[PDB]
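Comments concern the structure below.
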Amino acid sequence: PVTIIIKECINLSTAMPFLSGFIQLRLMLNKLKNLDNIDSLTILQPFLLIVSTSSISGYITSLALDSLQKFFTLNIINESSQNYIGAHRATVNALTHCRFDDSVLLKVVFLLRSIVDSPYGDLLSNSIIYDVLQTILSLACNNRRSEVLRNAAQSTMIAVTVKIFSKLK
Amino acid sequence: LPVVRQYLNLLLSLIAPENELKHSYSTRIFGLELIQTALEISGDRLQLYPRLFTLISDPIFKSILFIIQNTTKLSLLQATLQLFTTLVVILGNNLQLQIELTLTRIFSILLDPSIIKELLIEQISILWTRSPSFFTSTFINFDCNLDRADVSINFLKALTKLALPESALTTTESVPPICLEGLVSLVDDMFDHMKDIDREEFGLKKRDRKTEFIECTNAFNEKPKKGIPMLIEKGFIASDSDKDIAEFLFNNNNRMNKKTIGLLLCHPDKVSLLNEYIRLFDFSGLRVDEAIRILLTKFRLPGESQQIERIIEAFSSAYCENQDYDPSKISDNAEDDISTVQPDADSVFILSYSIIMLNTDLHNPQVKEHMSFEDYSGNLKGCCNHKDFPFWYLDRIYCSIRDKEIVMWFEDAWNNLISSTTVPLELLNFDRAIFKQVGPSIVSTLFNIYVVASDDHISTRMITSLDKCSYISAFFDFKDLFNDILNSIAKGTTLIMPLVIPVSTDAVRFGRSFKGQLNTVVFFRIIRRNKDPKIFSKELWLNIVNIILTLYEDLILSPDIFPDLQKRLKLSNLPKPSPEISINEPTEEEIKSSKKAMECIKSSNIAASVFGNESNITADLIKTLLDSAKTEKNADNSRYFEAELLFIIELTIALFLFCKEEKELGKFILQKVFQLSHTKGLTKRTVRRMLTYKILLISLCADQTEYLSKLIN
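Protein chains in written order, with the numbering used here: chain R, 1 to 169; chain Y, 1001 to 1713.
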């Protein structure tokens, strides 16, 4: 089924311009029989609006990123979904820009690992993977963060380097 | 695959009632999320494996249910409700008996803190949302069976009770929109299934039997003495003789209260029934204490000793006939053999009394002194008819008593549960039982929210769903909901000084209120589309007639409803109702409201609303509209007495010309026309115009000659 997204919508609504978007999303996805012709940039755009901006506390961003990871792990977006390429482009594109204590960044890093390592990461544009690599390298090189997050950064950059240079074949 | 069973057993060990203090609540919410993910990844195929299915069915629902009623924090409750809702959606086909208990306990906690109720409603909301046919599907799957509860109707009843603004004290301010969403979705679902099907084509026997059974159970609990022959009345029993009636009680004891059977069997006249009640059961090969336990499971002990005496007498006498007599091998070296003891009636009668005493003093908490094991065996020294019982008889019974006590709160109720398990046109037809048992409640709550609330956006949705309810009542032939809807709207329209484009008290009250506008529009929107006049009652006819007459009271409704009749008979338009003063006092905000009312009635198509379509043309409308005539001049109503009579008369002539009952109904209206024509000195034009109508009535009717003679003379 695809009832997970409405459940995550009500889960994130308990935050007490974005709440109106989420309630519109719930009213839209009252519809049954799979996501169907929905123009799948909009099925999850308000989640990207939460993480993209820089005027919301870390708790809501962590909840939104958990929702995104839940959607990807359960594979809500698939090849059958309309415009899945654009959605999986936008989700990596938004995470590169500003965000956010350290657990939020590790959640972003783990989601980046999971997206890039999977088959759908192959569909990302070559102008975007450079931005992802720049972001992870900025995390790894910087020492102000906690050391264990730096080690996680180290491992993900090794993994995505192997995944990138494997494509050179 | 054994790894899956081991891992799920481990996740069971994470969250459980017994393993509460060992692990912290972060672990518990995490385990709830893990079980949710595991169910989500594969739940369609999880049913096939029975070793795993028992693990996900029987002992994890314990962990679910136990920490809804007992928990107080919010974070754990969120994840538990997440898992519960996912279990409902994914595995709704099977897993049907266990789920009913948790919905029942959910509504039990809901009806009777503040934030917890909001979380409960907000989390359970998705069941009706993602499955709009949920209320129907639970009715097919669960309600139609004879047994079990009836929580399908109680769901809508609980939502209805929670929907009002009265629940500010009970719950916080977020609940009412959340429940009202599903409450409106119920009515909105029906119009999706209405477009295909016409009225005349339409024009659950198990549910009929269930209604008969539930009414019989209610009466039998209320009064068994009348209930028994009433139960014979329904034909559910072979005959009056006690054999069949006694057979009925044992099979279906789960639904009946113990106290009812206890007070039924206590009376002295029915003591003969005990001669055949206990005859069915037979405890051969079992000890007396086990038989006493099964006996106490079936009914509650009385309080009065004399009442208890006959019940113990019947119980003790019943055992003796079951077992024959082979007592000649008395000895004390026996090791668990029962048949050697074959006591008389008095011996079993005395044996019965001492067995029951241990429960109400030793195990009871109110009494503090304990009679020991010593005094119990000390009591019966030379009490069983000059010979004592064997001293291994009482010790076995005392050991059997000490392990467990009899129960007449939560854990024990599960014990009876598992024993039950271990041991398009058709949808409409299966509909029409939902609305009958909830409809008055749903319309009452809708009207309460409509009248109390003030926002335009909510009220428009309310009135639209109200019209959906009216259409639903119209499709069937309920004729108690529909009159209530239209009558209460008629009350709600707010139509039950020097004027001029008139201005009036009723007009200015109309214009200044937004509430009346939607009521007046939607009401005659109902009246525009209809398929039978008989559903209307006398009160609604009075209401609409008073509406049209009150609109005629001022210069709102143009009385030119039937220009064809006037052009046929060659009269001018009827005389207008003659207001006070005319020129072109009021000023500023007085007129600007009232003109809007003059617009809104024109949006209602009031002329063609009730008179336009031919469905409402019937004897009731004419008969009550003639009754509506004032027939009396007064200084208060001297403005319009001359004109209302003409308006009523001509309107009835046009109405009567449509009806084809050209034999009977004309006599009544001709009678009332001639009764009306003799008012005190009405003006010249009125009597001038009335004779044309009178000649027309004389033409319409048949063999009405005396009135024509009086007309000439």
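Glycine residues also receive a C-beta, built at the ideal position from the N, C-alpha and C atoms.
Is it buried or exposed for residue 1543(Y), if we count other Cβ within 10 angstroms and need 16 for buried? buried
Do the CB positions of residue 1498(Y) and residue 1555(Y) come within less than 8 Å of each other? no
Checking contacts by CB at 8 Å: is residue 1089(Y) closer than that to chain R? yes
What residue from 1103(Y), 1668(Y), 1341(Y), 1440(Y) has the CA that sits closest to residue 1323(Y)'s CA? 1341(Y)
Quick one: list the residues of chain R neighbouring residue 1126(Y), beta-carbon separation under 8 Å, in chain order. 3, 6, 7, 10
How would you write the range of the alpha helix (DSSP H) that residue 1433(Y) sits in, first residue to last? Neither: residue 1433(Y) is in no alpha helix (DSSP H) and is coded neither H nor E.
Beta-carbon of residue 1122(Y) versus every beta-carbon of chain R: anything under 8 Å? yes
Starting from residue 1643(Y), trace the alpha helix (DSSP H) in both directions and tell me its first and last residue. 1641–1658
Through-space distance from residue 1310(Y) to residue 1271(Y), alpha-carbon basis: 8 Å
How big is the Cα-Cα spacing for residue 1686(Y) and residue 1630(Y)? 15 Å
Return the chain-ordered list of same chain residues with a C-beta closer than 8 Å to the C-beta of residue 1600(Y), the five sequence neighbours on each side being excluded. 1510, 1517, 1520, 1521
Would residue 1047(Y) count as contacting chain R if we go by Cβ distances under 8 Å? no
Inter-residue spacing [alpha-carbon to alpha-carbon] between residue 1361(Y) and residue 1372(Y): 11 Å
Quick one, which of 162(R), 104(R), 153(R) has its alpha-carbon nearest residue 57(R)'s? 104(R)
Residue 1244(Y) in three-state terms, based on DSSP: helix
For residue 1559(Y), collect the residues of the same chain with a Cβ closer than 6 Å to its Cβ; drop the 5 residues on either side in sequence, then sort them by chain order. 1574, 1647
Residue 1254(Y), DSSP secondary structure in three states: coil
Thinking residue 123(R) and residue 164(R) are a contact (beta carbons under 8 Å), I'd like their distance in whole angstroms, please. No, residue 123(R) and residue 164(R) are not in contact; Cβ-Cβ is about 14 Å, not under 8 Å.
Under the assumption that residue 1196(Y) contacts residue 1424(Y) (Cβ atoms under 8 Å), give the Cβ distance between them as a whole number of angstroms. 6 Å
Can you say whether residue 1328(Y) is buried or exposed, counting buried as having 16 or more other CB atoms within 10 angstroms of its CB? exposed
Collapsed DSSP secondary structure at residue 1409(Y) in the structure displayed: coil
Measure the beta-carbon distance from residue 1355(Y) to residue 1292(Y) and round it to whole angstroms, keeping in mind my assumption that it falls under 8 Å. 6 Å
Rounded to the nearest angstrom, how far is the Cβ of residue 1057(Y) from that of residue 1015(Y), given a contact under 8 Å? At roughly 15 Å, the Cβ-Cβ gap does not stay under 8 Å, so residue 1057(Y) and residue 1015(Y) are not in contact.
Is it buried or exposed for residue 950(Y), if we count other Cβ within 10 angstroms and need 16 for buried? Residue 950(Y) is absent from the model: chain Y starts at 1001 and stops at 1713.
Are three or more beta carbon pairs between the region 1123–1136 of chain Y and the region 1449–1456 of chain Y nearer than 8 Å? no
Below 8 Å between beta carbons: does that hold for residue 128(R) and residue 92(R)? yes
Thinking just about the alpha-carbon of each residue, which of 1447(Y), 1674(Y), 1054(Y) is nearest to the one in residue 1421(Y)? 1054(Y)
Relative to the C-alpha of residue 1512(Y), which candidate in 1591(Y), 1182(Y), 1347(Y), 1345(Y) has its C-alpha closest? 1591(Y)
So residue 133(R) contacts chain Y; which residues on that side make the cut at Cβ distance below 7 Å? Within chain Y, no residue comes near residue 133(R); the closest Cβ sits about 30 Å away, beyond 7 Å.
Residue 189(R) at chain Y interface by Cβ criterion, 8 Å: The requested residue 189(R) is not part of the displayed model; chain R covers only 1 to 169.
Option nearest residue 1114(Y) by Cα separation, candidates 1090(Y), 1126(Y), 1343(Y), 1171(Y): 1171(Y)
Taking the straight line between their C-alpha atoms, what separation do you get for residue 1704(Y) and residue 1476(Y)? 41 Å
Residues of the region 1040–1064 of chain Y whose Cβ lies closer than 8 Å to any Cβ of chain R, in chain order: 1040, 1041
Is residue 1632(Y) helix, strand or coil by DSSP? coil
Residue of 15(R), 143(R), 162(R) minimising C-alpha distance to residue 118(R): 162(R)
Quick one: does residue 49(R) have its CB under 8 Å from some CB of chain Y? no
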